[PDB]
Amino acid sequence: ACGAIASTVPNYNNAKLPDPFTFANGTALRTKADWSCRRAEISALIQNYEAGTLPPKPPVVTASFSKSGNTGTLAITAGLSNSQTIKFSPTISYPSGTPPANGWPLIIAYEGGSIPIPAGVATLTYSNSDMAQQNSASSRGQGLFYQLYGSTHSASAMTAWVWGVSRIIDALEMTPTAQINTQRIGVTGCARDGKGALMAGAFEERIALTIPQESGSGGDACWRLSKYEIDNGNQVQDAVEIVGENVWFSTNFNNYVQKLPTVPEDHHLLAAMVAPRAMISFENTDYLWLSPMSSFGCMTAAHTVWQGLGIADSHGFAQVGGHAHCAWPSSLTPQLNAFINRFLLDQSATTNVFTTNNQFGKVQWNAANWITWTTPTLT
Ligand SMILES: O[C@@H]1[C@@H](O)[C@H](O[C@@H]2CO[C@@H](O)[C@H](O)[C@H]2O)OC[C@H]1O
Ligand SMILES: *[C@@H]1O[C@H](CO)[C@@H](O)[C@H](O)[C@H]1NC(C)=O
């Protein structure tokens, strides 16, 4: 129904941010339904240029569940048609007592996350580093995911992490005795795990609420804006450095980090893949490594997609200073809880959150230099 999905745009060359509202073939988006097809195209482009191949659900996915006290263990097996299998067993921390009729809402927290989780929400601890190692460039192709698909599989570590989240949600769908409301699943992570959580929410449509925390470069920052920051003297993480530091991106991305204008996506399109579902990301201006201006401009550009879909308040951004990396400032708890309350707890909470302190160091944000499109009202 979307036709043949384009996965490359060989002639692309755009120093500003790619236009969310124009397909690779030059067709303009017009309807809300068009966004589903555009999202599928962005997925293919992101896989091709920076994330590697995200495998589909494998033929074998088995799950069993057991509970001791308030801790559940979800034992998952995943297997291919060639008989290869891997296994992993995330745990779930439950609120006590009788659950809601449809089960507990749940946040999948990469290695526990760094946000406070309200008392009526269960927490699943996902050991993403075991699914795909992330110590340094030395970690390439190591982790459970690669014991299934092969150490030379093109998936980045973050794409392998997404795959694991998808198997977790498969297992939850198969395991009603885990007492989870599978329509009310969120995801969160901080720092490198916040890069991971954004990827999970973008690519796995069953996630109702995505919460990336101080994800920086390769998260809710854009590659093109971070290149501008580093060229003008801010000591930011950028595309060139990040592919040498770790294995969060595919080896193919190495071919583009010096040629960012030729990449027909940026992370504003990655973030927009969450639409029309909900996301709020949190940033910290104390660390220029995180590329503060790039995150504000990137999420401002991503925001236009929700605006065009008539659901601006489903996308939040809050950027402040004055606290340590991955420490949670109580000043932002109301904004976090507004999104959890609305999108996971079914409350009538307002979620209009889009704020920065503009503390961007040696650069400023100038929307007209980066965002070239007007926002259409998709019909
Ligand atoms: O050593 C790296 C190579 O492994 C990488 O190879 C790319 C992998 O994905 C394919 O789609 C590309 O065609 C191929 O070039 O190139 C970069 C290099 O650093
Ligand atoms: C352009 O590409 C999109 C996405 O694949 C597709 O939905 C649309 O039909 C294409 N346009 C034409 C004229 O085929």
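Every residue number used here counts from 1 along the chain in the order it is shown.
Technique stated in the header: X-ray crystallography, 1.7 Å.
Placed from the backbone N, Cα and C atoms, the Cβ positions cover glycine too.
Lifted from Swiss-Prot, the feature list:
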type	residues	note
ACT_SITE	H325	active site, proton donor/acceptor
BINDING	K195, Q237, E245, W289	substrate binding site
DISULFID	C190-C326	disulfide bond
DISULFID	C222-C298	disulfide bond
CARBOHYD	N25	N-linked glycosylation site
So the record assigns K195, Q237, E245, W289 to substrate. If I measure every Cα pair among those residues, what is the longest distance in angstrom, as a whole number?
14
Between the C-alpha atoms of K195 (substrate binding site) and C222 (disulfide bond), the distance in angstrom, to the nearest integer, is 12
Other than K195, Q237, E245, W289 themselves, what residues in this chain have Cβ atoms within 8 Å of the centroid of the substrate site's Cβ atoms?
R192, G216, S217, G218, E241, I242, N246, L290
Which recorded positions from the set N25, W289, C298 have a C-beta atom lying less than 6 Å away from ligand 2?
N25
Let me check the 10 A CB neighbour count of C326 (disulfide bond). How many other CB atoms are there?
16
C190, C222, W289, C298: which of these recorded positions has the sparsest Cβ neighbourhood within 10 Å?
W289
Mapped onto three states, the DSSP assignment of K195 (substrate binding site) reads helix
Measuring CA to CA, name the entry from the recorded positions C222, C298, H325 that ends up nearest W289 (substrate binding site).
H325
Taking only the CA atoms, the spacing between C190 (disulfide bond) and the residue listed as 'N-linked glycosylation site', expressed in whole angstrom, is 36
When DSSP states are folded down to helix, strand and coil, where does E245 (substrate binding site) land?
helix
Measuring Cα to Cα, how far is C222 (disulfide bond) from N25 (N-linked glycosylation site) in Å?
23
